[PDB]
S.K.: 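Here it is: the structure, laid out below.
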Amino acid sequence: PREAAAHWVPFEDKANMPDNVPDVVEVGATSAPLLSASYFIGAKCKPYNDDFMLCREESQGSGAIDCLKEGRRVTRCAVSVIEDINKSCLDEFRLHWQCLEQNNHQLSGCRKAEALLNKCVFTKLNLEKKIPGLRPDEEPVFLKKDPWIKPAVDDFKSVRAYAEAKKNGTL
Amino acid sequence: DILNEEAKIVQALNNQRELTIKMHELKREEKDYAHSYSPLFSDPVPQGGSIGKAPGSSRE
């Protein structure tokens, strides 16, 4: 789909969902927290995402109205992972997405906060960040030390928290 | 002998008539897609662009 052209107006629909359709919660995170959580959401909700997409393909044109129950599962799984993050690892998660908000949403600008977030999420949620499709020779970039590309200003709070974790021994 | 020779000539002429009608009919028979358009990539169904391939865009 193309973006709107010369003159357009936004319009809101005031109707409710038809009552036959079971209601569902909606994800409440904005773009930066979602980008921060995306790999954990992928790790946990891969089967449901795959099932939703397979349903959409198999519906062959009626996918929106035929996969609503699969979509309901997808959104519930995403809400569950974000709730778990908000219960166990909120400080580090906030570090990471505030850093992202300062760095044009570039993950390369936030590696120190991401290291703490990954350790927390792995220890208390048993989710692991992993980049699909690489050979064992190829090194995932988020694990690389001494990268070519670095942020203009390493984030202040993140630098302090990273050094403190290195003292404590958590990281 | 004259009758036999003339009959053989007339038979060859009728053979040529039959062949002409046959070629006329065959030329008007519709051919398979492989023979008429493409013998290696023989599926007429397109796939389109691959970049933003959307689950549910394929329709039989």
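Lettering of chains follows the sequences in order, A, B, ..., and the numbering in each one begins at 1. The basis for the numbers below is simple: all heavy atoms, side chains too, and nothing from hydrogens, waters or symmetry mates.
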S.K.: Mark yes when over 12 heavy atoms from residues, nucleotides or ligands other than A:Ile149 sit less than 6.0 Å from its CD1; otherwise mark no.
M.R.: no

S.K.: Using 0.5 Å steps for rounding, measure from the SG atom of A:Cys120 to the CD1 atom of A:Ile85.
M.R.: 9.0 Å

S.K.: How close do A:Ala113 and A:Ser158 get, counting heavy atoms only, and between which atoms?
M.R.: N-OG, 3.0 Å

S.K.: Taking CD in A:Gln98 as the centre, count heavy atoms belonging to other residues, nucleotides or ligands within less than 6.0 Å. Is the count above 12?
M.R.: yes

S.K.: In terms of hydrophobic clustering (I, L, V, M, F, W, Y; side-chain heavy atoms under 4.5 Å; direct or indirect links), are A:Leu100 and A:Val121 co-clustered?
M.R.: no

S.K.: The test is side chain to side chain contact (heavy atoms under 4.5 Å, CB included); show your working for A:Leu117 and A:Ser36 and say whether it passes.
M.R.: CA-CA 9 Å; A:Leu117 185 50; A:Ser36 196; 3.4 Å; yes

S.K.: Taking atom CD of B:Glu5 and atom CD1 of B:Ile9, what is their separation to the nearest 0.5 Å?
M.R.: 7.0 Å

S.K.: For A:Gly109 versus A:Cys99, what's the shortest heavy-atom pair and its separation?
M.R.: O-SG, 3.2 Å

S.K.: Does A:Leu171 share a hydrophobic cluster with A:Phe40, counting links as ILVMFWY side-chain heavy atoms below 4.5 Å and allowing steps through other members?
M.R.: no

S.K.: Find the distance between CG (A:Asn49) and CD (A:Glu70) and round it off to the nearest 0.5 Å.
M.R.: 12.5 Å

S.K.: Given 3.5 Å as the limit, does a donor-acceptor pair link the side chain of B:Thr20 with the main chain of B:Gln16, or not?
M.R.: yes

S.K.: Give a yes or no on this: more than 12 heavy atoms of other residues, nucleotides or ligands lie within 6.0 Å of atom CD of A:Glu164.
M.R.: no

S.K.: Please tell me if the side chains of B:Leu13 and B:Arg17 come closer than 4.5 Å, counting only heavy atoms from C-beta onward.
M.R.: no

S.K.: Using a cut-off of 6.0 Å, state whether more than 12 heavy atoms not belonging to A:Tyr48 lie near its atom OH.
M.R.: no

S.K.: Answer yes or no: is there a donor N or O on one side and an acceptor on the other, between the side chain of B:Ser36 and the main chain of B:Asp32, under 3.5 Å?
M.R.: yes

S.K.: Count the heavy atoms belonging to other residues, nucleotides or ligands that lie under 6.0 Å from CG of B:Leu3, then report whether that count exceeds 12.
M.R.: no

S.K.: Please report, to 0.1 Å, the donor-acceptor pairs under 3.5 Å made by any side chain of residues 3-30 of chain A, with sequence neighbours excluded.
M.R.:
from    : atom 1 : to      : atom 2 : distance (Å)
A:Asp13 : OD1    : A:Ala15 : N      : 3.2

S.K.: Examine A:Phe93 and A:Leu95 and state if one hydrophobic cluster contains both, with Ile, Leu, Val, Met, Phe, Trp and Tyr joined whenever side-chain heavy atoms are less than 4.5 Å apart.
M.R.: no

S.K.: Counting only heavy atoms not in B:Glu6, do more than 12 fall under 6.0 Å of its CD?
M.R.: no

S.K.: Let me confirm one number: the NZ-NZ distance from A:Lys112 to A:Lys166, rounded to the nearest 0.5 Å.
M.R.: 9.0 Å

S.K.: Do B:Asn14 and B:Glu18 have a side chain donor and acceptor closer than 3.5 Å?
M.R.: no

S.K.: Out of curiosity, does A:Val74 fall in the hydrophobic cluster containing A:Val81 (side-chain heavy atoms, cut-off under 4.5 Å, transitive links)?
M.R.: no

S.K.: Does a sphere of radius 6.0 Å around CD1 in A:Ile65 hold more than 12 heavy atoms from other residues, nucleotides or ligands, not counting ones at 6.0 Å or beyond?
M.R.: no

S.K.: Would a 4.5 Å heavy-atom cut-off, applied to side chains only, mark A:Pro147 and A:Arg111 as touching?
M.R.: no

S.K.: To the nearest 0.5 angstrom, please state how far the OG atom of B:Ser58 sits from the CZ atom of A:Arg56.
M.R.: 11.5 Å

S.K.: Would you say A:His96 and A:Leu35 make side-chain contact, with heavy atoms under 4.5 Å?
M.R.: no

S.K.: State the CD1-CD1 distance between A:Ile41 and A:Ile82, to the nearest 0.5 angstrom.
M.R.: 4.5 Å

S.K.: Partners of B:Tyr37 by ring-ring contact (aromatic ring centres under 6.0 Å, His included), sequence neighbours excluded?
M.R.: B:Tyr33

S.K.: Is there a salt bridge (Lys or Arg N to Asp or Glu O under 4.0 Å) between A:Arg73 and A:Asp51? Walk through the geometry before answering.
M.R.: CA-CA 10 Å; A:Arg73 224 162 311 184; A:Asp51 191 72; 5.7 Å; no

S.K.: Got A:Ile131 and A:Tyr39 here, is their nearest side-chain heavy-atom distance under 4.5 Å?
M.R.: yes

S.K.: Kindly state each residue pair satisfying salt bridge (charged side-chain N to carboxylate O under 4.0 Å, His left out) with at least one member in residues 119-143 of chain A, sequence neighbours excluded.
M.R.: A:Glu114-A:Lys129, A:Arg135-A:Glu138

S.K.: Locate the shortest heavy-atom distance separating A:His105 from A:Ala32; write the atom from each residue and the value.
M.R.: CE1-N, 3.7 Å

S.K.: Is it true that A:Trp97 and A:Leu116 fall in one hydrophobic cluster, defined by side-chain heavy atoms closer than 4.5 Å?
M.R.: no

